[PDB]
Structure formats: C-alpha cells, structure tokens
Amino acid sequence: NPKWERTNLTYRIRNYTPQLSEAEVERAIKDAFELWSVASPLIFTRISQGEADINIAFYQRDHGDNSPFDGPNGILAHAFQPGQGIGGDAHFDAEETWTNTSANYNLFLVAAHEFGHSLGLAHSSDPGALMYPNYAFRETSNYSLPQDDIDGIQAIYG
Ligand SMILES: CC(C)C[C@H](C(=O)NO)C(=O)N[C@@H](CC(=O)O)C(=O)NCc1ccccc1
Ligand SMILES: [Ca+2]
Ligand SMILES: [Ca+2]
Ligand SMILES: [Zn+2]
Ligand SMILES: [Zn+2]
C-alpha cells in the first residue's frame with residue numbers, strides 16, 4: 001500500500017485549460033485538496049515553479065507517460081499513486097469541456113477524485129463514494145467528503 005511518509009506536500013499547476021479563468025482553475029484545485037485535508041493529517045502547499053510532490057497538468061492524447069488520453073468524453077483524467085517523480089502526479093484531459101457548473105465535466109469533482117489516487121486510495125464500489133469509478137455531478141457549494149472516502153484516507157494515514 002503506497003503512502004506518503006510526509007504530511008506537508010507541495011503541488012504545482014504546470015498549465016491551465018482556456019475553458020476557465022486561471023483563478024477558477026486554481027480554486028477548483030485548492031478546494032479539492034481541502035476536502036482530503038479536513039479528514040487527514042495532510043497539509044498541501046502550492047508552489048509556482050520548482051519540483052513539487054504533485055504536478056497538475058492538462059494534456060492531450062499522447063503525453064509521454066504511456067497512458068494517452070482519448071479525446072472528448074471517455075477517460076477524463078488520471079493520477080499516479082504516492083511515490084517519487086511521476087508518483088502522485090495528476091493529468092487532466094485537455095480535450096474535455098471543463099466547467100465550474102453542473103454541466104459535464106466539473107473540474108473540482110474530477111480533481112477531488114484524482115487527488116484521492118494521488119494520496120493512495122483505490123476505487124470504491126460504493127456508488128455514493130467520490131472514489132467510485134464513474135463520474136456523477138453532486139452539489140459542490142459546501143461539498144463535503146462522503147463517509148466511505150473518509151474511512152478510506154483514515155485507514156491509510158489518520
Ligand atoms: C483511466 C482510469 C484510471 C480511469 C479514470 C480515473 O479513475 N481517474 O482516476 C477516469 O477517467 N475515470 C472516468 C470514468 C468515466 O468515464 O466516467 C471518470 O469519470 N473519472 C472521474 C470521476 C469519477 C468519480 C467521481 C468523480 C469523478
Ligand atoms: Ca477523454
Ligand atoms: Ca510526483
Ligand atoms: Zn498522463
Ligand atoms: Zn479513479
């Protein structure tokens with residue numbers, strides 16, 4: 001079971017999507033990390049350049065990691081489990097319609113999901129869990145981590 005042996009982790013948004021403003025992209029990512037932060041001992045710090053533990057980027061089709069995106073819809077994003085280098089990093093399919101709304105696909109929800117993987121969780125079979133394999137929109141204002149996911153991170157760290 002890979003896990004980070006450190007609690008203050010850094011992240012870097014290497015690039016953006018034109019769909020949303022840069023403040024909106026940064027807010028989606030910030031709040032997505034807060035979710036896990038309030039149920040665990042992890043603290044996330046944003047760096048603007050440099051080698052962060054978790055890199056966040058928007059890429060298209062082939063992007064040098066042997067797991068290419070597939071265009072609009074289908075696979076939305078992917079993350080790597082805790083570890084060195086590529087470990088912990090998260091990529092979003094630049095070919096998607098990324099939103100701030102109920103319209104497909106909400107960057108905050110997808111981000112929150114990916115970060116679970118970046119922290120070491122696997123997919124849940126509970127349809128109400130964030131770590132459930134398929135995307136579903138849920139209200140995001142005042143969003144809080146479903147109980148199955150809390151169980152999940154707590155079982156890893158504490
Ligand atoms: C390539 C594998 C790793 C699948 C990938 C994934 O789980 N990202 O971690 C993914 O793109 N899953 C899609 C599945 C789909 O087409 O619906 C998804 O919606 N991921 C994001 C998601 C899942 C559950 C809740 C919120 C967001
Ligand atoms: Ca896709
Ligand atoms: Ca990394
Ligand atoms: Zn990738
Ligand atoms: Zn997933």
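Every number for a ligand or one of its atoms is a count from 1 in the order of the listing. All residue numbers refer to positions in the sequence shown, counting from 1. Note: hydrogens, waters and symmetry copies are ignored here, and every other heavy atom, side chains too, is used.
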Could you identify the single nearest non-hydrogen protein atom to atom 14 (C) of ligand 1 and state the distance to 0.1 Å? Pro133 O, 3.2 Å
Which residue and heavy atom of the protein sit nearest atom 24 (C) of ligand 1, plus the separation: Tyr132 O, 2.8 Å
Donor-acceptor pair between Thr45 and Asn8 side chains, under 3.5 angstrom: yes
N/O/S atom of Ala52 under 3.0 Å from the Ca ion (ligand 3), yes or no? no
Give the residue and atom name of whichever protein heavy atom lies nearest to atom 18 (C) of ligand 1, and the separation in Å to one decimal. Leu76 CD2, 3.7 Å
among protein heavy atoms, the one nearest atom 5 (C) of ligand 1 is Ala77 O, 3.2 Å
Apply side chain to side chain contact (heavy atoms under 4.5 Å, CB included) to residues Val38 and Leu145 and explain how you reach the verdict. CA-CA 9 Å; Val38 302; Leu145 222 52; 5.8 Å; no
Tell me which N, O or S atom from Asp65 is the closest to the Zn ion (ligand 4). OD2
Protein residue, atom and distance nearest to atom 22 (C) of ligand 1, heavy-atom basis: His113 CG, 3.6 Å
Within the distance-only criterion (no hydrogens, no angle test), does the side chain of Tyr11 pair as donor or acceptor with the backbone N or O of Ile29 below 3.5 angstrom? no
Using a distance-only test with no angle check, is there a side-chain donor-acceptor pair under 3.5 angstrom linking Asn55 and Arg12? no
Can you pull out the closest protein heavy atom to atom 17 (O) of ligand 1? Residue, atom name and distance to 0.1 Å, please. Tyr135 N, 3.1 Å
For residues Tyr143 and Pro146, report the shortest heavy-atom separation together with the two atoms involved. OH-CD, 3.3 Å
Can you list the steps and then say if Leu35 with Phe115 is a side chain to side chain contact (heavy atoms under 4.5 Å, CB included)? CA-CA 10 Å; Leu35 286 193; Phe115 298 155; over 6 Å; no
From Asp89, does some N, O or S atom reach closer than 2.8 Å to the Zn ion (ligand 4)? no
Could a heavy atom of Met131 be found less than 4.0 Å from some atom of ligand 1? no
Under the side chain to side chain contact (heavy atoms under 4.5 Å, CB included) criterion, do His117 and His123 qualify, and how do the steps go? CA-CA 8 Å; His117 286 302; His123 283 149; 3.0 Å; yes
Distance filter under 4.0 Å to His123 heavy atoms, resulting ligand 1 atoms: 7 (O)
For the Zn ion (ligand 4), what is the closest N, O or S atom on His91? ND1
Judged by atom type as modelled, is there a donor-acceptor pair below 3.5 Å linking the side chain of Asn106 to the main-chain atoms of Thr101? yes
Determine which of the N, O or S atoms in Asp53 is closest to the Ca ion (ligand 3) and give its atom name. O
The atom name of the N, O or S atom in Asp89 nearest to the Ca ion (ligand 3) is OD1
Tell me, please, if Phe80 has any N/O/S atom, main chain or side chain, under 3.0 Å from the Ca ion (ligand 3)? no
Could you tell me if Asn73 and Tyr105 have a donor-acceptor pair between their side chains, going purely by distance under 3.5 Å? yes
Got the closest protein heavy atom to atom 1 (C) of ligand 1, with its distance? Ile75 CD1, 3.7 Å
Atom 15 (C) of ligand 1 - nearest protein heavy atom and its distance: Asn134 ND2, 3.7 Å
When you compare the side chains of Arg46 and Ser48, does any donor N or O come within less than 3.5 Å of an acceptor on the partner? yes
Option of least heavy-atom distance to atom 16 (O) of ligand 1 (set: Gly74, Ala136, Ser67): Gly74
Any N/O pair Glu114/ligand 1 closer than 3.5 Å: yes
